[PDB]
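For reference, the structure discussed in these notes is given below.
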Amino acid sequence: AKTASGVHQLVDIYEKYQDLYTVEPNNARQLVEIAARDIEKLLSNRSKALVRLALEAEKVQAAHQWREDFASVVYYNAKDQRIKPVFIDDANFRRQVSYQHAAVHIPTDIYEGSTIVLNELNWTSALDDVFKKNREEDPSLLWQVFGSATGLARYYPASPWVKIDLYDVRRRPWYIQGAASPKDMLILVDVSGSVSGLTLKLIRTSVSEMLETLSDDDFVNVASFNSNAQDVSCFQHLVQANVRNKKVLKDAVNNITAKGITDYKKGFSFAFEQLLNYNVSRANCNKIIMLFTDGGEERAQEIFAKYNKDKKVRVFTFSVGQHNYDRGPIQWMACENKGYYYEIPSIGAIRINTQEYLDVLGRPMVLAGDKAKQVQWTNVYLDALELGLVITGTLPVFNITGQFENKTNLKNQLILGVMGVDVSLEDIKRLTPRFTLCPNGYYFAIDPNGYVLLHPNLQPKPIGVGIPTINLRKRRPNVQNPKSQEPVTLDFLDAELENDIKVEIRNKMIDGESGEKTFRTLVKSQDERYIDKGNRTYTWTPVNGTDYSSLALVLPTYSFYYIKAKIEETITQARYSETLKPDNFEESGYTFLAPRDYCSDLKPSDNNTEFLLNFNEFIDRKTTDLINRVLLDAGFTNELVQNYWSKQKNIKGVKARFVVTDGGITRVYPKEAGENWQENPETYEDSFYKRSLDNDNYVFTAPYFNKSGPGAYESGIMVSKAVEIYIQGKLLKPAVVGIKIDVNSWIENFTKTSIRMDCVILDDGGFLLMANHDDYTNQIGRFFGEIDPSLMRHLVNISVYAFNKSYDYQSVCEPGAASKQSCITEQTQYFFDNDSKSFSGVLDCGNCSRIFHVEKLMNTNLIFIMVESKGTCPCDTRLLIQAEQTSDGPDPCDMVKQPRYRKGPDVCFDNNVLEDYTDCX
Amino acid sequence: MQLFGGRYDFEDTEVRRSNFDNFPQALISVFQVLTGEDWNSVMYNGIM
Amino acid sequence: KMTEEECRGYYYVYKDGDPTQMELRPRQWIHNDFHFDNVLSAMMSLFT
Ligand SMILES: *[C@@H]1O[C@H](CO)[C@@H](O[C@@H]2O[C@H](CO)[C@@H](O[C@@H]3O[C@H](CO)[C@@H](O)[C@H](O)[C@H]3NC(C)=O)[C@H](O)[C@H]2NC(C)=O)[C@H](O)[C@H]1NC(C)=O
Ligand SMILES: *[C@@H]1O[C@H](CO)[C@@H](O[C@@H]2O[C@H](CO)[C@@H](O[C@@H]3O[C@H](CO)[C@@H](O)[C@H](O)[C@@H]3O)[C@H](O)[C@H]2NC(C)=O)[C@H](O)[C@H]1NC(C)=O
Ligand SMILES: *[C@@H]1O[C@H](CO)[C@@H](O[C@@H]2O[C@H](CO)[C@@H](O[C@@H]3O[C@H](CO)[C@@H](O)[C@H](O)[C@@H]3O)[C@H](O)[C@H]2NC(C)=O)[C@H](O)[C@H]1NC(C)=O
Ligand SMILES: *[C@@H]1O[C@H](CO)[C@@H](O[C@@H]2O[C@H](CO)[C@@H](O)[C@H](O)[C@H]2NC(C)=O)[C@H](O)[C@H]1NC(C)=O
Ligand SMILES: *[C@@H]1O[C@H](CO)[C@@H](O[C@@H]2O[C@H](CO)[C@@H](O)[C@H](O)[C@H]2NC(C)=O)[C@H](O)[C@H]1NC(C)=O
Ligand SMILES: *[C@@H]1O[C@H](CO)[C@@H](O[C@@H]2O[C@H](CO)[C@@H](O)[C@H](O)[C@H]2NC(C)=O)[C@H](O)[C@H]1NC(C)=O
Ligand SMILES: *[C@@H]1O[C@H](CO)[C@@H](O[C@@H]2O[C@H](CO)[C@@H](O)[C@H](O)[C@H]2NC(C)=O)[C@H](O)[C@H]1NC(C)=O
Ligand SMILES: *[C@@H]1O[C@H](CO)[C@@H](O)[C@H](O)[C@H]1NC(C)=O
Ligand SMILES: *[C@@H]1O[C@H](CO)[C@@H](O)[C@H](O)[C@H]1NC(C)=O
Ligand SMILES: *[C@@H]1O[C@H](CO)[C@@H](O)[C@H](O)[C@H]1NC(C)=O
Ligand SMILES: *[C@@H]1O[C@H](CO)[C@@H](O)[C@H](O)[C@H]1NC(C)=O
Ligand SMILES: *[C@@H]1O[C@H](CO)[C@@H](O)[C@H](O)[C@H]1NC(C)=O
Ligand SMILES: *[C@@H]1O[C@H](CO)[C@@H](O)[C@H](O)[C@H]1NC(C)=O
Ligand SMILES: *[C@@H]1O[C@H](CO)[C@@H](O)[C@H](O)[C@H]1NC(C)=O
Ligand SMILES: [Ca+2]
């Protein structure tokens with residue numbers, strides 16, 4: 001390893017050129033306080049661009065007139081009088097964009113003409129000049145949008161829409177938070193004998209549609225009332241309503257029987273208990289009870305007289321179905337208790353009725369129009385127009401038409417709509433430098449609920465389902481199968497490894513003000529195989545402006561310092577570019593260049609050859625710190641070719657050498673065997689480069705088996721060493737040099753060392769490197785519990801080498817029984833625990849005995865086992881299986897019990913002495 | 001009204017509308033069988 | 001919808017009441033074919 005690589009010679013290279021550098025600090029605290037000042041300014045400007053859409057949106061409403069007939073309206077109707085304007089290709093939006101006319105999206109449920117719809121296209125044409133101004137006030141803006149209470153939606157860039165499209169903007173995550181407050185909600189399902197048949201299937205449906213209008217500040221709990229009132233939920237109190245906890249209740253709802261006697265008196269007395277307590281958590285805000293019965297001959301005056309003295313719990317009742325019972329008392333229940341009775345005839349009417357429930361709760365906001373205009377940011381979701389992960393900012397729009405003059409004031413209440421301006425996370429991730437700071441380092445951000453904005457494993461493909469059951473006997477060769485308007489709300493304690501130290505970090509970061517902590521942790525390696533253990537130094541600050549985020553910068557402790565590119569000779573860097581041409585592949589090696597940024601580039605879809613040739617052309621025009629670094633990187637890896645690898649020429653051995661540096665230059669030297677380098681050319685998303693920087697010794701990685709393709713005897717295994725540099729009392733780790741061991745050659749040493757019994761060269765990770773005995777020589781790189789589990793189940797039990805079992809929430813699997821779906825998986829990851837590299841044992845599986853002796857090698861990543869036998873009586877107990885097994889999530893009934901620390905918001909509008917509740921009805 | 005008692009629940013979306021789930025609904029439905037019109041739909045729903 | 005102005009466009013016909021199996025139709029007035037408007041049209045329906 002010391003000879004085949006020129007690591008010590010590459011030490012000689014960085015130590016040779018004492019010029020061309022100035023090692024600069026990171027300070028950390030300084031980088032985060034600077035980056036916090038930028039993410040504020042990002043939100044500052046977009047923040048206001050709602051404020052121009054709110055003020056000029058209200059003014060045109062006050063002068064509208066209300067035209068009844070229409071003989072004059074010329075909009076776009078983005079699903080196909082009508083216009084058909086030009087389209088420019090763009091890369092900010094990766095689609096066709098218009099810039100000159102607003103679009104209009106109308107749901108395919110509601111249109112004719114309509115005196116309601118068409119009259120609202122009249123005045124919302126006036127917004128477009130305000131739309132057009134902010135583009136020229138500020139470039140790089142994403143989808144501005146006016147949603148509306150009647151289902152309309154206008155958005156300025158105008159792109160065509162993305163086979164049956166449901167998409168109702170009145171139920172979309174960003175429209176609901178900006179039109180309400182948090183809700184302690186409680187759904188009660190009448191389950192007597194009177195509801196079997198048509199009215200059963202509706203409630204099973206209508207509850208399942210109600211839970212999708214929740215954000216993640218809302219709380220629910222489902223309580224059938226019957227003879228007695230119980231919670232058919234396994235919760236007995238209020239949940240937090242994650243993505244997850246909403247999935248629990250739907251399997252509870254879809255198995256409700258129907259028989260017994262209605263009472264409404266044990267039921268409500270069970271219900272007003274639940275919204276009390278004040279022990280668990282709750283949002284302490286607009287308390288809703290919702291009552292899904294079918295009619296019943298009771299004005300239950302008693303319970304409201306005992307619990308609604310103060311009238312601080314509003315009651316939505318709904319009646320479903322086509323029973324001929326009384327709808328009498330139920331209309332009395334809501335109209336007294338500030339409710340708003342609605343009625344669900346059948347399927348199809350369900351989507352329209354369960355969304356108007358939010359407009360009723362907007363009544364305290366419309367009575368407090370001075371303070372209520374704050375920008376409420378929704379957390380994170382995938383946009384329906386296919387842009388990536390976006391974050392929205394919302395601000396409601398009121399129907400001020402009667403102010404300071406007053407007037408009759410009939411509908412001085414319910415709002416018009418919600419203005420929205422979306423933000424990409426890439427917009428954020430270009431503010432967050434991740435190119436000076438050591439691939440295990442990364443910015444990172446947490447919302448007040450404990451959810452994530454910038455952890456680098458967000459990865460589109462939404463989360464969190466049980467075992468994804470699909471039958472194929474139920475479907476038809478037909479309809480589109482909806483695309484889950486579900487957000488992507490990842491827990492911080494599930495984005496990484498859970499630890500007693502990190503929970504202290506998370507609970508302080510979610511509200512606190514400064515701080516930092518340095519400690520020892522387990523680190524899950526990328527494309528999970530491997531857990532390392534190392535040190536981290538990481539800080540946090542809240543955003544000086546809003547509270548709706550807080551940053552944090554994770555650092556390896558050897559990463560305070562970095563290399564400054566500084567070339568002031570201009571001939572030396574041109575010679576370094578001369579290395580970087582493809583003409584010199586026999587000279588240097590296949591030199592590959594990671595996709596990075598500058599002025600006018602593109603990304604290589606595996607045509608790194610094209611990107612390199614595109615990159616070659618750039619400096620030839622020029623004949624700003626990333627452009628200088630790669631040039632500075634270019635010759636320092638070249639001198640390992642011409643001064644150490646040029647003098648060797650295809651030894652007894654190696655097969656193929658390689659050098660990965662940060663700055664994105666990787667070189668494989670023979671270049672016939674290099675073209676097979678089958679991994680990621682991105683150094684920061686590279687797997688072994690990061691792992692190599694953690695350890696201070698040699699790292700062996702076992703490739704997979706079958707994997708897609710020729711990773712094999714063809715390939716071999718991988719060696720690595722981080723390169724430590726001693727500048728003037730400092731420690732910098734720029735490069736990683738790798739040797740790719742020819743396997744049969746390393747059999748040939750392993751064979752002749754045996755002749756001068758069952759032995760396994762084994763890694764950390766339980767992956768077979770090599771063995772004797774020739775049955776194992778084809779399995780190479782398979783986890784050894786799939787080979788000899790009787791040893792391995794014993795071997796961990798007589799320790800080293802232990803395991804954690806995380807859960808991943810975004811991997812995709814194959815559905816079971818009763819194409820590609822995301823599902824919650826498990827991941828066993830094996831690691832070393834304990835020192836004292838001498839582990840002997842004597843195994844008796846049962847009725848046959850045999851001998852262990854396990855020897856960890858020194859200054860490297862290697863387990864060497866000597867086991868003696870196979871030929872005695874066998875022991876096929878099980879298989880310790882790595883990889884990912886599709887399984888469930890954690891127990892939700894017990895995760896809720898010791899819940900998870902967090903904070904709610906601070907507005908909670910409720911209960912004006914004004915309002916006046918006579919509508920309902 | 002005692003043999004069929006409004007047991008016409010079914011859990012579907014089709015309007016099996018000649019139910020017996022009242023008194024005068026049962027009176028009209030019963031008359032239908034005497035005129036011999038459509039007493040399949042009546043009967044098929046009884047045995048289902 | 002019940003009314004002349006408010007009944008055009010498209011809507012959702014569900015084959016059996018699973019709210020995923022969702023299909024489209026245009027909607028319009030089905031004038032129900034044995035109508036009582038004119039006394040000529042009435043006697044053709046009292047005949048049935
Ligand atoms: C496993 O296979 C290896 C081949 O990849 C063998 O490695 C070779 O071992 C030689 C002696 O053991 C080394 O020779 C030394 O090389 C250095 C410079 O490389 C010279 O300065 C030394 O003078 C020279 N030693 C002597 C006595 O002259 C090779 O460097 C080394 N590597 C190669 C050829 O790539 C291992 O020997 C082999 N293991 C066994 C047990 O056979
Ligand atoms: C909503 O639609 C109506 C039309 O249905 C738009 O009203 C039109 O408004 C313009 C100016 O706002 C009027 O133009 C003026 O016409 C007079 C002639 O009477 C002319 O002398 C003026 O110099 C000016 O050109 C136009 O008459 C009027 N249309 C009708 C049919 O009355 C209205 O602008 C739309 N709303 C928004 C917000 O754009
Ligand atoms: C914003 O608030 C104002 C509050 O007045 C709303 O204006 C009112 O809207 C109603 C809608 O029904 C208008 O009623 C209509 O009146 C015509 C007049 O002949 C009648 O024929 C119709 O049948 C209908 O009932 C009412 O006139 C109107 N008020 C005034 C003073 O014009 C306005 O609509 C609200 N905006 C939105 C988008 O809801
Ligand atoms: C949570 O609410 C319950 C009410 O259900 C409270 O329970 C009572 O606790 C006191 C002591 O604090 C006992 O003396 C009572 O016997 C309990 N009630 C009943 C009905 O047994 C409880 O205090 C609340 N707080 C916590 C932290 O649990
Ligand atoms: C928002 O950030 C500014 C700038 O950091 C804060 O100003 C700090 O004020 C303290 C005194 O309380 C000084 O000791 C710090 O040196 C200041 N910061 C800097 C970078 O110099 C301001 O206090 C923050 N806002 C709030 C409310 O805490
Ligand atoms: C990526 O793009 C380059 C184009 O520069 C491809 O290289 C060419 O491959 C074709 C055959 O596939 C040869 O005939 C050409 O001579 C190659 N060179 C050039 C300059 O065109 C490369 O194959 C592409 N890779 C993939 C996977 O498509
Ligand atoms: C994940 O792995 C770590 C390995 O350190 C486990 O942490 C140790 O747990 C033992 C007992 O289980 C304690 O005695 C040690 O103090 C822990 N060490 C550290 C560094 O925390 C952890 O328990 C594992 N978690 C799971 C779920 O398996
Ligand atoms: C916000 O807008 C102002 C004025 O338009 C501009 O100076 C500033 O650069 C913008 N913020 C960012 C982060 O670009
Ligand atoms: C109802 O179905 C759910 C989901 O399969 C299951 O968890 C529950 O135990 C079932 N209850 C009964 C009584 O079958
Ligand atoms: C982390 O740093 C501490 C002190 O600098 C050191 O004792 C410890 O060995 C380091 N962790 C590892 C895994 O080396
Ligand atoms: C892949 O390896 C497995 C061993 O688990 C083997 O059963 C399978 O046959 C291999 N794939 C192919 C295509 O042979
Ligand atoms: C393995 O560890 C478990 C942990 O409790 C222990 O109960 C068991 O005795 C150990 N196995 C053996 C063979 O001693
Ligand atoms: C290492 O493991 C052995 C048993 O495998 C145990 O007795 C010993 O205490 C361990 N040492 C440490 C430092 O944990
Ligand atoms: C167990 O031991 C007995 C002798 O006591 C032997 O006859 C038998 O074959 C053994 N069975 C196994 C499964 O090892
Ligand atoms: Ca009843």
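By order in the structure tokens, chains are A, B, ...; within a chain, residues start at 1; ligands start at 1, following the order shown.
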Within-8 Å residues of ligand 12, basis only C-alpha atoms and all ligand atoms, as a PDB file with N, CA and C atoms, in the first residue's frame:
```pdb
ATOM      1  N   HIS A 794     -23.026 -16.283  16.388  1.00  0.00           N
ATOM      2  CA  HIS A 794     -22.214 -16.460  17.578  1.00  0.00           C
ATOM      3  C   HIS A 794     -21.227 -15.325  17.725  1.00  0.00           C
ATOM      4  N   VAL A 796     -20.957 -12.156  16.928  1.00  0.00           N
ATOM      5  CA  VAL A 796     -21.359 -10.885  17.503  1.00  0.00           C
ATOM      6  C   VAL A 796     -21.699 -11.054  18.972  1.00  0.00           C
ATOM      7  N   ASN A 797     -22.080 -12.265  19.364  1.00  0.00           N
ATOM      8  CA  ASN A 797     -22.607 -12.507  20.694  1.00  0.00           C
ATOM      9  C   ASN A 797     -21.474 -12.696  21.690  1.00  0.00           C
ATOM     10  N   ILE A 798     -20.240 -12.753  21.194  1.00  0.00           N
ATOM     11  CA  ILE A 798     -19.012 -12.946  21.960  1.00  0.00           C
ATOM     12  C   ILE A 798     -18.053 -11.800  21.687  1.00  0.00           C
TER      13      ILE A 798
END
```
Contact residues around residue 818 of chain A with only C-alpha atoms at 12 Å, ignoring same-chain residues under 3 positions, as number ranges by chain: A: 467-474, 815
Those same residues - N, CA and C atoms - I'd like them written as a PDB file, in the first residue's frame.
```pdb
ATOM      1  N   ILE A 467     -46.314  -1.596   5.095  1.00  0.00           N
ATOM      2  CA  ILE A 467     -45.978  -2.466   3.978  1.00  0.00           C
ATOM      3  C   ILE A 467     -46.917  -2.104   2.836  1.00  0.00           C
ATOM      4  N   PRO A 468     -46.392  -1.735   1.691  1.00  0.00           N
ATOM      5  CA  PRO A 468     -47.236  -1.181   0.630  1.00  0.00           C
ATOM      6  C   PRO A 468     -48.028  -2.238  -0.117  1.00  0.00           C
ATOM      7  N   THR A 469     -49.188  -2.597   0.405  1.00  0.00           N
ATOM      8  CA  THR A 469     -49.954  -3.673  -0.199  1.00  0.00           C
ATOM      9  C   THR A 469     -50.689  -3.163  -1.431  1.00  0.00           C
ATOM     10  N   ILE A 470     -50.598  -3.908  -2.526  1.00  0.00           N
ATOM     11  CA  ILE A 470     -51.377  -3.652  -3.730  1.00  0.00           C
ATOM     12  C   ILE A 470     -51.956  -4.994  -4.137  1.00  0.00           C
ATOM     13  N   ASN A 471     -53.261  -5.055  -4.374  1.00  0.00           N
ATOM     14  CA  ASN A 471     -53.766  -6.169  -5.159  1.00  0.00           C
ATOM     15  C   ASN A 471     -53.929  -5.724  -6.602  1.00  0.00           C
ATOM     16  N   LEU A 472     -53.744  -6.657  -7.524  1.00  0.00           N
ATOM     17  CA  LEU A 472     -53.944  -6.391  -8.935  1.00  0.00           C
ATOM     18  C   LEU A 472     -55.258  -6.963  -9.426  1.00  0.00           C
ATOM     19  N   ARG A 473     -56.012  -7.607  -8.539  1.00  0.00           N
ATOM     20  CA  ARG A 473     -57.349  -8.076  -8.854  1.00  0.00           C
ATOM     21  C   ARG A 473     -58.384  -6.975  -8.747  1.00  0.00           C
ATOM     22  N   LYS A 474     -58.069  -5.882  -8.063  1.00  0.00           N
ATOM     23  CA  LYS A 474     -59.049  -4.831  -7.876  1.00  0.00           C
ATOM     24  C   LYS A 474     -58.999  -3.781  -8.971  1.00  0.00           C
ATOM     25  N   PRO A 815     -44.083  -4.036  -4.084  1.00  0.00           N
ATOM     26  CA  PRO A 815     -45.236  -4.345  -3.242  1.00  0.00           C
ATOM     27  C   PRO A 815     -45.437  -5.838  -3.070  1.00  0.00           C
TER      28      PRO A 815
END
```
Write out as a ChimeraX atom specification which residues come within 6 Å of residue 851 of chain A when counting only C-alpha atoms, dropping same-chain ones fewer than 5 positions away. /A:842-843,867-868
Any chance you can output those residues with N, CA and C atoms as a PDB file, in the first residue's frame?
```pdb
ATOM      1  N   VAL A 842     -14.630 -21.110  21.392  1.00  0.00           N
ATOM      2  CA  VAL A 842     -14.859 -22.505  21.058  1.00  0.00           C
ATOM      3  C   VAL A 842     -16.354 -22.701  20.919  1.00  0.00           C
ATOM      4  N   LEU A 843     -16.810 -22.912  19.694  1.00  0.00           N
ATOM      5  CA  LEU A 843     -18.234 -22.997  19.411  1.00  0.00           C
ATOM      6  C   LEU A 843     -18.713 -24.432  19.546  1.00  0.00           C
ATOM      7  N   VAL A 867     -11.572 -20.563  11.552  1.00  0.00           N
ATOM      8  CA  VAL A 867     -12.575 -21.511  12.010  1.00  0.00           C
ATOM      9  C   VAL A 867     -12.132 -22.876  11.514  1.00  0.00           C
ATOM     10  N   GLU A 868     -12.381 -23.910  12.302  1.00  0.00           N
ATOM     11  CA  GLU A 868     -12.117 -25.248  11.801  1.00  0.00           C
ATOM     12  C   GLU A 868     -13.374 -26.066  11.974  1.00  0.00           C
TER      13      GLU A 868
END
```
Output the contact residues of chain B with respect to chain C at a cut-off of 12 Å, based on only C-alpha atoms, as an MDAnalysis selection string. chainID B and resid 11:14 37
Selection within 10 Å of ligand 3 by only C-alpha atoms and all ligand atoms, output as a PyMOL selection string: chain A and resi 58+61-68+115-117+119-120+123+148-150+398-402+407-417
Excluding segment 29-37 of chain C and residues on its chain fewer than 6 positions from it, collect all residues at most 10 Å away from it, counting only C-alpha atoms, and give them as a compact mmCIF listing (two decimals) with N, CA and C atoms, in the first residue's frame.
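Once everything was written out, this is part.txt:
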```txt
# COMPACT_ATOMS: atom_id res chain seq x y z
N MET C 2 -79.12 20.61 -10.25
CA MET C 2 -80.54 20.92 -10.21
C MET C 2 -80.95 22.08 -11.13
N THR C 3 -80.05 22.88 -11.70
CA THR C 3 -80.49 24.09 -12.37
C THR C 3 -79.77 24.29 -13.70
N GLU C 4 -80.42 25.05 -14.58
CA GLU C 4 -80.05 25.12 -15.99
C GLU C 4 -78.67 25.70 -16.18
N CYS C 7 -75.41 23.53 -14.72
CA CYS C 7 -75.20 22.14 -15.05
C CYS C 7 -74.62 21.98 -16.45
N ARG C 8 -73.31 22.20 -16.59
CA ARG C 8 -72.57 21.91 -17.82
C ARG C 8 -71.14 21.57 -17.43
N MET C 43 -100.82 12.07 -22.71
CA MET C 43 -101.59 10.86 -22.94
C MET C 43 -100.73 9.72 -23.45
N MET C 44 -99.59 10.06 -24.04
CA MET C 44 -98.62 9.07 -24.47
C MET C 44 -97.88 8.49 -23.27
N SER C 45 -97.99 9.15 -22.12
CA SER C 45 -97.33 8.68 -20.92
C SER C 45 -98.32 8.05 -19.95
N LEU C 46 -99.56 8.53 -19.94
CA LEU C 46 -100.56 7.81 -19.17
C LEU C 46 -100.91 6.50 -19.85
N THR C 48 -98.56 4.46 -20.91
CA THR C 48 -97.59 3.47 -20.44
C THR C 48 -97.96 2.97 -19.06
```
Given a cut-off of 8 Å, what residues near ligand 11 show up using only C-alpha atoms and all ligand atoms, put as a tab-separated table (two decimals) with N, CA and C atoms, in the first residue's frame?
```tsv
chain	number	residue	atom	x	y	z
A	705	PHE	N	-22.30	-8.17	-5.30
A	705	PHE	CA	-22.36	-9.36	-6.13
A	705	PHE	C	-23.57	-9.26	-7.05
A	706	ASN	N	-23.27	-9.48	-8.33
A	706	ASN	CA	-23.97	-9.34	-9.61
A	706	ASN	C	-24.17	-7.88	-10.01
A	707	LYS	N	-24.55	-7.08	-9.02
A	707	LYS	CA	-24.62	-5.62	-8.88
A	707	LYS	C	-25.23	-4.81	-10.02
A	779	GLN	N	-18.65	-15.95	-4.19
A	779	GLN	CA	-19.52	-15.14	-3.37
A	779	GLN	C	-18.98	-13.76	-3.02
A	782	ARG	N	-20.28	-10.74	-0.63
A	782	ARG	CA	-21.56	-11.00	-0.01
A	782	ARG	C	-21.38	-11.04	1.49
```
Taking only C-alpha atoms and all ligand atoms into account, report as a PyMOL selection string which residues have an atom no farther than 8 Å from an atom of ligand 5. chain A and resi 33+513+543-545
Go ahead and save the residues from that selection, with N, CA and C atoms, as an mmCIF file, in the first residue's frame.
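Saved file out_30.cif follows:
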```
data_model
loop_
_atom_site.group_PDB
_atom_site.id
_atom_site.type_symbol
_atom_site.label_atom_id
_atom_site.label_comp_id
_atom_site.auth_asym_id
_atom_site.auth_seq_id
_atom_site.Cartn_x
_atom_site.Cartn_y
_atom_site.Cartn_z
ATOM 1 N N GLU A 33 -23.108 32.606 10.849
ATOM 2 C CA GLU A 33 -23.697 33.929 11.020
ATOM 3 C C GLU A 33 -23.779 34.675 9.696
ATOM 4 N N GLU A 513 -30.471 29.858 21.042
ATOM 5 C CA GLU A 513 -29.982 31.111 20.501
ATOM 6 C C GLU A 513 -28.549 31.049 20.023
ATOM 7 N N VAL A 543 -32.208 31.934 12.801
ATOM 8 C CA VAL A 543 -32.216 33.024 11.845
ATOM 9 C C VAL A 543 -32.621 34.307 12.548
ATOM 10 N N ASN A 544 -31.761 35.315 12.437
ATOM 11 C CA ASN A 544 -31.987 36.603 13.074
ATOM 12 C C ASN A 544 -33.374 37.158 12.780
ATOM 13 N N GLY A 545 -33.888 36.877 11.587
ATOM 14 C CA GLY A 545 -35.195 37.370 11.222
ATOM 15 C C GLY A 545 -36.297 36.484 11.759
#
```
With DSSP run on the backbone, what are the alpha helix (DSSP H) residues within chain B? I'd like them as an MDAnalysis selection string. chainID B and resid 24:34 39:47
Taking only C-alpha atoms and all ligand atoms into account, which residues are within 7 Å of ligand 15, as a list in words?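 Going residue by residue within 7 Å of ligand 15, we get residues 192, 193, 194, 261, 262, 294, 295 and 296 of chain A.
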Preceding selection exported with N, CA and C atoms as a PDB file, in the first residue's frame:
```
ATOM      1  N   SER A 192     -74.122   3.433  14.840  1.00  0.00           N
ATOM      2  CA  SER A 192     -75.222   2.593  15.277  1.00  0.00           C
ATOM      3  C   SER A 192     -75.700   1.686  14.156  1.00  0.00           C
ATOM      4  N   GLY A 193     -76.889   1.140  14.357  1.00  0.00           N
ATOM      5  CA  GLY A 193     -77.486   0.349  13.310  1.00  0.00           C
ATOM      6  C   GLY A 193     -77.972   1.171  12.150  1.00  0.00           C
ATOM      7  N   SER A 194     -78.213   2.455  12.365  1.00  0.00           N
ATOM      8  CA  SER A 194     -78.832   3.257  11.330  1.00  0.00           C
ATOM      9  C   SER A 194     -77.896   3.594  10.187  1.00  0.00           C
ATOM     10  N   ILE A 261     -77.248   1.392  19.328  1.00  0.00           N
ATOM     11  CA  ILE A 261     -78.205   2.455  19.578  1.00  0.00           C
ATOM     12  C   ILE A 261     -77.464   3.779  19.687  1.00  0.00           C
ATOM     13  N   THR A 262     -77.907   4.775  18.925  1.00  0.00           N
ATOM     14  CA  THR A 262     -77.412   6.134  19.072  1.00  0.00           C
ATOM     15  C   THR A 262     -77.772   6.687  20.438  1.00  0.00           C
ATOM     16  N   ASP A 294     -76.183  10.595  10.992  1.00  0.00           N
ATOM     17  CA  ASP A 294     -77.141  10.509   9.906  1.00  0.00           C
ATOM     18  C   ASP A 294     -78.512  11.030  10.269  1.00  0.00           C
ATOM     19  N   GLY A 295     -78.614  11.929  11.224  1.00  0.00           N
ATOM     20  CA  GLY A 295     -79.902  12.292  11.772  1.00  0.00           C
ATOM     21  C   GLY A 295     -80.197  11.508  13.035  1.00  0.00           C
ATOM     22  N   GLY A 296     -80.961  12.145  13.901  1.00  0.00           N
ATOM     23  CA  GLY A 296     -81.190  11.631  15.236  1.00  0.00           C
ATOM     24  C   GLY A 296     -82.055  12.630  15.968  1.00  0.00           C
TER      25      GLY A 296
END
```
Determine, counting only C-alpha atoms, which protein, DNA and RNA residues have an atom within 6 Å of an atom of segment 585-597 of chain A; residues of the same chain fewer than 6 positions away are not included. Present the result as JSON, numbers by chain. {"A": [641, 664, 665, 666, 667, 668, 669, 671, 681, 682]}
Measuring atom to atom with only C-alpha atoms, identify which of C:40, C:19, C:1, C:28 is nearest to chain A. C:19
Could you list, as a list in words, all the residues within 10 Å of ligand 13, counting only C-alpha atoms and all ligand atoms?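 Those residues are residues 795, 796, 797, 798, 799, 800, 801, 833, 834, 835, 836, 837, 838, 839, 840 and 841 of chain A.
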Can you pull out every residue with an atom within 7 Å of ligand 9? Use only C-alpha atoms and all ligand atoms and format it as an mmCIF file with N, CA and C atoms, in the first residue's frame.
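Listing of part.cif after writing:
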```
data_model
loop_
_atom_site.group_PDB
_atom_site.id
_atom_site.type_symbol
_atom_site.label_atom_id
_atom_site.label_comp_id
_atom_site.auth_asym_id
_atom_site.auth_seq_id
_atom_site.Cartn_x
_atom_site.Cartn_y
_atom_site.Cartn_z
ATOM 1 N N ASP A 251 -56.476 3.091 8.687
ATOM 2 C CA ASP A 251 -56.699 1.665 8.878
ATOM 3 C C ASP A 251 -57.628 1.416 10.051
ATOM 4 N N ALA A 252 -57.748 2.379 10.956
ATOM 5 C CA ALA A 252 -58.746 2.231 11.999
ATOM 6 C C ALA A 252 -60.133 2.496 11.449
ATOM 7 N N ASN A 254 -61.198 2.209 8.369
ATOM 8 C CA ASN A 254 -61.700 1.295 7.361
ATOM 9 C C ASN A 254 -62.041 -0.073 7.902
ATOM 10 N N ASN A 255 -62.179 -0.247 9.216
ATOM 11 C CA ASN A 255 -62.645 -1.499 9.777
ATOM 12 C C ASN A 255 -63.647 -1.198 10.890
#
```
